[PDB]
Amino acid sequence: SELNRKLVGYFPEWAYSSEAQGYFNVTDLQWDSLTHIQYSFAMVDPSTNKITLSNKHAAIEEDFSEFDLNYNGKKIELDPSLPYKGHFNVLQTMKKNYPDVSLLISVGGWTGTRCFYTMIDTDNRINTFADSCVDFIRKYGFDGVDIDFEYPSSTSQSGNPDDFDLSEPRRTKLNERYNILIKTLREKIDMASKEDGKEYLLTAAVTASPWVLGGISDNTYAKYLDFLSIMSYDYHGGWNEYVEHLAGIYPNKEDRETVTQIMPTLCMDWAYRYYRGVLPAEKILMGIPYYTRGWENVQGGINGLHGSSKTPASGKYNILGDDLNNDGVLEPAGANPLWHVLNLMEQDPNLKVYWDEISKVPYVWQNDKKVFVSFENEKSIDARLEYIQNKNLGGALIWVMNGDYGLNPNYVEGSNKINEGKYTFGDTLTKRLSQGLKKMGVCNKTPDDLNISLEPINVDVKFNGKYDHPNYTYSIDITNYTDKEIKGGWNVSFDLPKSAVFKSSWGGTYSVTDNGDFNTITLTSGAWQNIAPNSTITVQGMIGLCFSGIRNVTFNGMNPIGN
């Protein structure tokens, strides 16, 4: 079961009452194609440290009397035997006909991370929170918990600026405390599974940003997850001038934001390599956007791409923009669901779709208004399927399900109203993903690190280091726990993810050997670097860029089992 491909979709609690979101509700979910639904979003309560609803009315009270609950052709009624209404009732009602679709509550997000910062301050608060998650999934019929903490990183000024008053004083400890949080959640959830005779899940949505990851020093938490969802989107957008892809798959040496770095990092494939340090591919999901970002008055570039703009796209090119002060005046971002961009192209023959064969995503360009908007289409879905099969990925997650497209029942020829275009939300790309994931078959089981099959030696190898972008300075402590001195000229090897490049060893000599998603680094010491019994020697060096961890550590051709 665990090697099955996964297609994980985020459900937006806020969409059902919003014009720009298409009034999307639970009966509009792509139930025939998704394997998991992540409900977005719950939060942490500031005073009790327990899981809490964001829009309680939407989640458990709304009766949908003014909305249309219909699946296929049949009217869907709320189950009157449940003690709650809202989205949660509709989810449980649909689950009866889709018993193998897993439902998870997602805690966090960009605007729901704030009270994680105070909850992680003490072990008792973490225990309270974790217990409250168990209580919540039992109460509301969820199959698991997804943690979307944005972000448990020491990187200053990362995450929502509204929360700097809580995140900035805590930067040095966030990663350690997050690791404790995830481990505690796993322990409590596993106990609840045994008690209930049910297999509850724990997942996390995680950063793909090298900037954020530079402030993450311990990725052990990943081993406690059923799967790790890489947020391989928001790579580019209106926060800066670089007119570039939202969600590229492959490294692009023409991405102007990274053109001088040792490799292009703002693409799924770099994050894949990063996380291979701690997980097999079959536990990693690719993040796919069904939304856009974009710019207007683009200067230079070719069809806008690789150009510059200080003005994110506005107006009809930004229907999902934030209403910061409730004027109806939206903050420019070029942010749209995919169906709205399709409708804009129906109305404007000079808004045209292009394909980038390097990054393997499409984009839309209006050559007269100089408007560039990212895009996603059948061709990029197909490229993403190829990548998923080629890399043995566990599947994909989608942010967010109301951005996929289908034909609009409320289409009005010639209308410019948001919900009267040819297209509205639908399942076109999600069904295409589901079909491709079925066709490629289950994941392969990635073999264990080879070091476990080698003869053991009682040597302990501890790899530590410090990151000062773009340089990782490593320090490896080697402790001899045998009863005989280890002569100089010993060697240690480790597998370094291809998100990073080994630069130099500060002592002795080294070699680098290609090894799949890693380079095997072999450090051969000098004859004078003897390790006495019960003694420790330290060697250092430099690596370019960052990596989730190292694997497959050997010492003198043996497995260093420590003491």
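Numbering starts at 1 and runs along the sequence shown.
key: Higher-B stretch (mean Cα B-factor, as the entry records it), 166-174 or 253-261   = The stretch with the larger average C-alpha B-factor is 253-261.
message = I need to verify one thing: averaged over C-alpha atoms only, is the B-factor higher for 138-146 or for 416-424?
response = Stretch with the greater average CA B-factor: 416-424.
request  = Kindly indicate the residue among 405, 411, 387, 399 with the greatest C-alpha B-factor in the PDB record.
outcome  = 411 has the highest C-alpha B-factor of those listed.
message = Given 289, 488, 294, 215, identify the residue with the highest C-alpha B factor in the PDB entry.
response = Within the set 289, 488, 294, 215, 488 shows the top C-alpha B-factor.
inquiry  = Using the temperature factors of the C-alpha atoms in this entry, rank residue 539 within its chain: lowest, middle or highest third.
reply    = CA B-factor rank for residue 539: highest third.
query = Looking at the C-alpha B-factor of residue 391, is it in the lowest, middle or highest third of its chain?
reply = Middle third - that is where residue 391 ends up once the chain's C-alpha B-factors are sorted.
query = Should residue 492 be placed in the lowest, middle or highest third of its chain by the C-alpha B factor in the entry?
reply = For residue 492, whose C-alpha B-factor we compare with every modelled residue in the chain, the answer is the highest third.
key: Relative C-alpha B-factor of residue 113, binned into the chain's lowest, middle or highest third   = Lowest third - that is where residue 113 ends up once the chain's C-alpha B-factors are sorted.
key: residue 479 - which third its CA temperature factor falls in, relative to the rest of the chain   = Highest third - that is where residue 479 ends up once the chain's C-alpha B-factors are sorted.
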